[PDB]
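Student: Under the authors' numbering, the residues of the sequence shown are numbered 35 to 105, 142 to 179, 234 to 489, 492 to 511, in order. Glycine included, each C-beta is placed from N, C-alpha and C at the ideal position.
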Amino acid sequence: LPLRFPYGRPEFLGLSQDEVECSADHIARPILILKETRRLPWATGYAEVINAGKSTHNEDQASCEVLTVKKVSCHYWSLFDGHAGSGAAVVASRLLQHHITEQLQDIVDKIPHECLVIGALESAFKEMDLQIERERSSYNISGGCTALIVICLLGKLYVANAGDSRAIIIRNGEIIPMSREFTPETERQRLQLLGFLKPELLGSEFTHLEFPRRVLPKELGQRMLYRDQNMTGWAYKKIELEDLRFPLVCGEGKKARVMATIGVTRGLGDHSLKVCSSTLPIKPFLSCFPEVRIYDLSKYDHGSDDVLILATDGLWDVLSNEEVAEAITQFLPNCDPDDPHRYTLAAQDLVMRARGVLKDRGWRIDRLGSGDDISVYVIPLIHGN
Ligand SMILES: [Mn+2]
Ligand SMILES: [Mn+2]
Ligand SMILES: [Mn+2]
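1. Please list, in chain order, all residues of the same chain as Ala-244 whose beta carbon is under 8 Å from its beta carbon, the five residues on each side excluded.
2. Which residues count as close to ligand 3 when the rule is a CB under 6 Å from any of its heavy atoms, in chain order?
3. Do you know offhand how far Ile-293's Cα is from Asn-445's?
4. Who are the near neighbours of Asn-285 in its chain, counting only those whose CB is closer than 6 Å to its CB and skipping five residues on each side?
5. With which residues is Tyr-80 paired in a DSSP beta bridge?
6. On a Cα-Cα basis, can you pick out the residue from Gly-267, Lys-379, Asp-430, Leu-507 that is closest to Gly-157?
7. CB of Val-388 to nearest heavy atom of ligand 2: below 7 Å?
8. Per DSSP, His-145 forms a beta bridge with which residues?
9. Quick check: what's the CA-CA separation for residue 133 versus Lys-104?
10. Starting from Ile-294, follow the beta strand (DSSP E) in both directions and report where the run begins and ends.
11. Given this structure, state the Cα-to-Cα distance separating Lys-342 from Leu-372, to the nearest angstrom.
12. Can you check DSSP and say which residues form a bridge with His-153?
13. What is the DSSP secondary structure of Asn-92, counted as helix, strand or coil?
14. CB of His-91 to nearest heavy atom of ligand 5: below 7 Å?
15. Taking 8 Å as the threshold, find out whether the stretch 309–325 comes into contact with the stretch 442–459 through three or more Cβ pairs.
16. So which of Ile-489, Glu-309, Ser-143 has the shortest CA-CA distance to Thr-389?
17. Between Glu-93 and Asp-394, what straight-line distance do the alpha-carbon atoms span, to the nearest angstrom?
18. Please state if the CB of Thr-307 and the CB of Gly-387 are separated by a distance shorter than 8 Å.
19. For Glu-82 versus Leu-66, is the C-beta spacing smaller than 8 Å?
20. Which first and last residues belong to the alpha helix (DSSP H) in which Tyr-467 is found?
21. Please confirm whether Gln-353 and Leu-404 have their CB atoms less than 8 Å apart.
22. Where does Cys-400 sit, in a helix, a strand or coil, going by DSSP?
23. Would you identify the three-state DSSP class for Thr-436, choosing helix, strand or coil?
24. Count the other CB atoms, across all protein chains shown, that sit within 10 Å of the CB of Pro-506; report buried if there are 16 or more and exposed otherwise.
25. Which residues mark the beginning and the end of the beta strand (DSSP E) in which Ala-359 is found?
26. What residue range does the beta strand (DSSP E) around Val-416 cover?
27. Closest to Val-502 by CA distance: which of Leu-439, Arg-493, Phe-455 is it?
28. Tell me which residues share the same chain as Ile-300 and place their Cβ nearer than 6 Å to its Cβ, disregarding the 5 neighbours each side in the sequence.
29. List the endpoints of the continuous alpha helix (DSSP H) containing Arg-312.
30. Looking only at DSSP bridge pairs, what is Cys-374 linked to?
31. Can you tell me which of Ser-496, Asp-367, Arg-290 puts its alpha carbon nearest to the alpha carbon of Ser-328?
32. Excluding the 5 residues preceding and the 5 following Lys-88 in the sequence, name in chain order all residues of the same chain whose CB lies nearer than 7 Å to its CB.
33. Whole angstroms are fine: how far does the CA of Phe-150 sit from the CA of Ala-248?
34. With a 10 Å radius around its C-beta and 16 neighbouring C-beta atoms as the bar for buried, classify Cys-269 as buried or exposed.
35. To which residues does DSSP link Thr-453 through a beta bridge?
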C-alpha cells in the first residue's frame, strides 16, 4: 500500500529532501535544531537526534502550530515516539491537531470548563486512533507511536500524555511534573483486570496472575507469592497448572512488559501488533486515552528561564529530572534573556548532554549515551503571562 504521508522530519525544521538523508547518519548523529531565521510560537526551542542505528529512520515525530477553533487561537505542541515503523508517528503528527480542533469546536462555549477541554482531548486521541484503524486498510501506517501533546487554551496549559515521554516544568529551579509515564508497572492492575474478565485475550498462553520469578513446573503445587488484579501487596497460593503459563505482566521498571513484547501501554497505532511467535493480538491491552494535567499560567509570574520541557524516552532514559533542571538553569544565563534562539540552544544542550560523544566505538555522556531518537521541546512560559 502507499504511505498516507511521506516520511520526514518535523516541518518547522524546513529541511530539503537531501538534508533529511544527511541527518539520518547513524555515525555522525547530527543534532538538528531550528534555524535562526525560523521562529516558533512563544520562541519555543526544538532539538533532535536520530538513533544510534537501531532503525534506519528517525521514528520520532513532532509538530506545533497555533490553531483556530471556530464554529479560536489555541497553541499546540506535539511529540510522538514511533516504534515498529514510522507510519503512526507521521500520521498522528499531521492529523491529531485537526482531531483536536474538531473536538474543541463542539465545546467552544454544572461541569467545570476544564472538564470539557479535557474531554475534548481524550475524545480527540480516540478519533486519531480509529482514523488510523480505518485508513490502515488503504494506506501504509506502520507500527504505533506514543503521543504527548500540550495545548494552550485561555491561559491554561493542558498536557495530555499517552506513552512514556515526559513533560516537566522548571519554575525557579523547582521541577513540576506535568505528566506520568504509562508502563506495565504503573498500569499493571488495569491489565490484570482485563486479562481476568476477558480471558480469551490471554488465550491459554498467559496467566493474568503475577509471580516474583519464572514459575517452573517443578514447583507445581508449592506455595508461592502472587499478585492479583485487586492486590497491591503479595500473598501465597498453591501453584495450580494454569499458573505455569507466562505472566501477562512481568518485569521491573524499564524491564516491565505486557506479554513479553512491549514496555509502554498507551499510545496510538499498533492495531495489528501481535505477540512474538503467536496469533494473540496486543491492542486490547492498550489505550489511546491520555492523562491530562493542567497548569494555570496566571497564578504565577514567569521569569525568562521558566520553561516547559517536552522530550521523548530518548532523553529521559539517560538523564534525570534533576539532571535536566540543573543543565537548563545552568545554560540559560549564558544567553541574553531577550535573545529568541535562547531556548533552541537550551534544547540543543539537553540533546547534546544525552546523545553523548562517540568514544572508542560507543556513545558516552563514563556513563553511556542514548541510542534512541531524541526530540526536545523547550517552551518559554514567560510568553503566557
Ligand atoms: Mn521510537
Ligand atoms: Mn521507553
Ligand atoms: Mn523512543
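Tutor: This is what the structure holds:
1. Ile-170, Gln-173, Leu-174, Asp-176, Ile-177
2. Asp-151, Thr-436, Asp-437, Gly-438, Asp-498, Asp-499
3. 10 Å
4. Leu-272, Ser-303, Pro-414, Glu-415
5. Under DSSP, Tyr-80 takes part in a beta bridge, and its partners are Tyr-503.
6. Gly-267
7. yes
8. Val-100, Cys-276
9. Examination of the chain shows a numbering gap from 105 to 142; residue 133 is inside it and therefore has no coordinates.
10. 290–295
11. Straight-line spacing of the CA atoms in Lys-342 and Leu-372 works out to 21 Å.
12. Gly-268
13. In this structure, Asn-92 counts as coil in the three-state DSSP scheme.
14. Absence of ligand 5 from the depicted structure is noted, with ligand 1, ligand 2 and ligand 3 being the only ligands included.
15. no
16. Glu-309
17. 14 Å
18. yes
19. yes
20. Segment 466–479, the alpha helix (DSSP H) holding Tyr-467.
21. no
22. coil
23. coil
24. Buried: at least 16 other Cβ atoms inside 10 Å.
25. 359–362
26. Under the DSSP assignment, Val-416 falls in the beta strand (DSSP E) whose first and last residues are 415–420.
27. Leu-439
28. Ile-293
29. Looking at the DSSP string, the run of the alpha helix (DSSP H) that includes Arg-312 is 312–321.
30. Partner residues in the beta bridge of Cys-374, as assigned by DSSP, are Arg-381.
31. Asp-367
32. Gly-497
33. Near 15 Å, if we compare the C-alpha coordinates of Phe-150 and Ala-248.
34. buried
35. Paired residue(s): none; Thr-453 is not in a bridge.
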